[PDB]
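Just so we're aligned: the sequence shown equals residues 27 to 299, 335 to 811 in the authors' numbering.
To keep things clear, I will list the structure first and then write my remarks on it.
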Amino acid sequence: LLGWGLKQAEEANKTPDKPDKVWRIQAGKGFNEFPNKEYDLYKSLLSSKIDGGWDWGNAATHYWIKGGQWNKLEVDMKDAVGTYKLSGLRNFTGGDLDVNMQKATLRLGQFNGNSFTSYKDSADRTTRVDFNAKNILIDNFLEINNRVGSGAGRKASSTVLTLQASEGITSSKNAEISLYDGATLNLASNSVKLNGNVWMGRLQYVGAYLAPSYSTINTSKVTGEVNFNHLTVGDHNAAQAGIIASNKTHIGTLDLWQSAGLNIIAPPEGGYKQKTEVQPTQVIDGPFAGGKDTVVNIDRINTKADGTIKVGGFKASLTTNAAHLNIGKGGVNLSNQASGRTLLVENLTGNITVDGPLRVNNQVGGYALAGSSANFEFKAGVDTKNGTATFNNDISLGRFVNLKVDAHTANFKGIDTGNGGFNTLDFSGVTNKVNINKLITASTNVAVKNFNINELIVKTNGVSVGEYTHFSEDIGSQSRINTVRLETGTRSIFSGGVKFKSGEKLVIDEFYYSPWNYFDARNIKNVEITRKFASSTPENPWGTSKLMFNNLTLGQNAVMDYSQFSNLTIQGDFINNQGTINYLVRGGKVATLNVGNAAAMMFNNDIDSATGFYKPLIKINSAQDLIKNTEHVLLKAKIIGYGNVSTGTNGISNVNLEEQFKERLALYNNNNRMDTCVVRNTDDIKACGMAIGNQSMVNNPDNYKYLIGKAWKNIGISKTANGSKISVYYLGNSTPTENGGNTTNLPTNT
């Protein structure tokens, strides 16, 4: 119940023991003159002062030093040369070796393993087994603080094993190091490279599923290259392992258990370092911050998961204070039983950089059942609050999976929740930015306070109801979406859709319509559109599209393609800047634009080189089937406040603003304008006569000289520009007179 940080800081600063009968052995002649001999260390040297035996009560074998388990043994070689091996010292209870072997290769396994254990006396002693070899070469299994026989008899207290090579501590492929509830392991070589299954935390007794089971591997002294290969924490219990690393730790596959933790600790910035009886000072450390150049390179994180069904999950977790935490191309697996398993890749004072696909039950899609909420969870820079959580690989989420990221800046490359649904894609802990690249949703519960998702596909979700993309908190004022693209829904019913809850502005740049999917824009008051705004099928749409807004404001050059197939509902002040709304008829009818409150429209002298005239402010294409002598409602309004960037038009003047509004509108037919016809040469007279349907100018283009440097309105088309209505009165496609009227000049603002 203490947790690992208390237990390690309590086991770190201890006096070794008080041993009586400190035996001493010095290797004399014979050893220091054969550099290749391949000795044996127990039988030729150590067996003088270590006796075997049997423990009455659960034995296989038994070992101690001499006269009980409270007797220190030194071995002082310091010049012996060869290769030594232990090869079978099993269930050593003993206490306080230190085999001192400079220039002597060791080998802790040959055809048989080793073990180093203590016994729970009334003194609760450790064993402090040390080695000081040149190479070590584990080469078969070694278990630290094991069970001696089977359960009964005397119990096992903590222990410490120290390995202190000066050239490397390697391991064979089948050499399973496995250290248990009290066990630690100090390494002090350079270039530790354990190629075998290191196993921190393991069932010490056969049924004790509720043991605490701490463990520690302290590779702090390693001046070289720490390199594990297959770390495996926890076995059917809630183990809390820990590694005190040395600011570069490449490990291979990591296999957490359901409820097993891990505390990889980087070094600090500058590196490490009757009668009243006063105990010595117990220095104890809280969670500090690693140095600048601390890296922890895990390359795969699996999770082994079977067993019970608890009221929650079990929350596998790992915790790091390094300045970086890279996760390699293997990605993240998560095995999921009936309840919802949970992973916490937490980083206290650093970053997180995942470079692999998030799997669950070892595939990329990875469905789950209803209660089984497979919950990924990432924490980048909790205690310094300036840590990014970059995902450089395209993640994909299936069904009942819930990513959440609580970082400073959560970059992404693409999130695809469109397959499964029911995804609580939380980001509420993110301080400012969430830079998603491409989001695909079906029924999601996105919670972002500030983002720029610069591409957004919104899928539908079949035929079910009550499921929709749902932004569940305040969008704020700095948000942005550079592309929304809805896709076509299902037949005759709104299954999918998007709705918001709060926020005030959302600078959308591009959009597409879709039949039977709704972009509900609840409670946001400045839904901005900056460029092109059309349908996903721009040639021939169909169906219904509830674009249930509450306000919008449209900037420069943003073409709209308003149709009868998208009831674009506005409850606020539709503010139109220099943006050309286009129309289409679909049977001669004109869909009105229902402004709720006010339609302020502000423009300028948008003179171009394409025409020489003002840019076409409102376009109505294909008005051939437009019903003549009939009011066509173009937009319902309440306040039309027109203006320019100055008081008067064409520079500065005192011209009223409502009359030139009929000049900039357009009625587009025969790939030309039936409203007016601004002419600068003789060739456009052909297309102009084809637009007005008159051959009287076609065969004789230069016969008419009222149109060079001039313009003319076709009379018989009337447009209202009063304070509350803009309408269409198509009543005549008249032939323009020569010198009678209905003619204007060029704008000429160049």
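In this text, a Cβ means the ideal position worked out from N, Cα and C, and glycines have one as well.
Asked, Found
"I need the straight-line Cα distance from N730 to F512, nearest angstrom please.", "42 Å"
"By Cβ distance below 7 Å, which residues in the same chain neighbour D367 in space, the five residues on each side in sequence not counted?", "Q398"
"For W96, which of helix, strand or coil comes out of DSSP?", "coil"
"DSSP three-state call for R583: helix, strand or coil?", "coil"
"Could you give the DSSP three-state label for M751: helix, strand or coil?", "helix"
"Please list, in chain order, all residues of the same chain as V509 whose beta carbon is under 6 Å from its beta carbon, the five residues on each side excluded.", "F488, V495"
"Taking its Cβ as the centre, do 16 or more other Cβ atoms sit within 10 Å of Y529, making it buried, or is it exposed?", "buried"
"Whole angstroms are fine: how far does the CA of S285 sit from the CA of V372?", "14 Å"
"Between which two residues does the beta strand (DSSP E) carrying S70 extend?", "Here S70 belongs to no beta strand (DSSP E); instead the alpha helix (DSSP H) covers 67-70."
"When you compare the CB positions of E548 and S504, do they come within less than 8 Å of one another, or not?", "no"
"Return the CA-CA distance between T470 and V174, expressed in angstroms with no decimal places.", "51 Å"
"Among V491, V524, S538, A661, which one has its Cα closest to the Cα of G564?", "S538"
"Quick one: residues in its chain with C-beta nearer than 6 Å to the C-beta of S434, no 5 flanking neighbours on either side, listed in chain order?", "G401, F461, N463"
"Indicate whether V356 and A383 have their beta-carbon atoms separated by less than 8 Å.", "yes"
"Smallest Cα separation from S396: which of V425, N387, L645, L386?", "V425"
"From the DSSP output, which residues share a beta bridge with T279?", "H256, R361"
"Check whether the segment 239-252 and the segment 201-214 are in contact - that is, three or more C-beta pairs closer than 8 Å.", "yes"
"Straight-line CA distance for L500 to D477?", "6 Å"
"Would the beta-carbon of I679 be found less than 7 Å away from any heavy atom of the ligand ADP?", "Annotation note on the ligand ADP: not contained in the displayed structure, which lists no ligands."
"Would you say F60 lies against chain D (beta-carbon separation less than 8 Å)?", "Reference to chain D is not applicable here, since this structure consists of a single protein chain."
"Just the Cα atoms here: how many angstroms apart are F532 and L419?", "23 Å"
"Closest to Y767 by C-alpha separation, out of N453, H385, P797, would be which residue?", "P797"
"Determine the DSSP secondary structure at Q34, reduced to helix, strand or coil.", "helix"
"Going by DSSP, which residues form a beta bridge with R50?", "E100"
"In the segment 550-594, which residue ranges form an unbroken beta strand (DSSP E) of at least 3 residues, counting only runs that do not cross its ends?", "558-560, 566-569, 572-574, 587-590"
"Tell whether a beta-carbon distance below 8 Å holds between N289 and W577.", "no"
"Would you mind working out which of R541, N484, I270, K440 sits nearest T492, comparing C-alpha positions?", "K440"
"Between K747, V759, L807, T743, which has its C-alpha nearest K774's C-alpha?", "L807"
"Pull up the DSSP beta-bridge partners for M226, would you.", "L205, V259"
"Less than 8 Å separating the beta-carbons of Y110 and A130?", "yes"
"Compare the beta carbon distance of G93 and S113 with 8 Å and say whether it is the shorter of the two.", "no"
"Buried or exposed for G78, please, with buried defined as at least 16 other CB atoms from any protein chain shown within 10 angstroms of its CB.", "exposed"
"Whose CA, out of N84, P42, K98, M127, lies closest to the CA of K104?", "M127"
"Between which two residues does the alpha helix (DSSP H) carrying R154 extend?", "Looking at the DSSP string, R154 is not in any alpha helix (DSSP H), and its letter there is neither H nor E."
"On the DSSP letters alone, give me the boundaries of the beta strand (DSSP E) that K723 sits inside.", "No beta strand (DSSP E) contains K723, which is instead part of the alpha helix (DSSP H) from 722-725."
"So, for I679: in the same chain, excluding its five sequence neighbours on each side, which residues have a beta-carbon less than 6 Å away from its beta-carbon?", "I642, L726"
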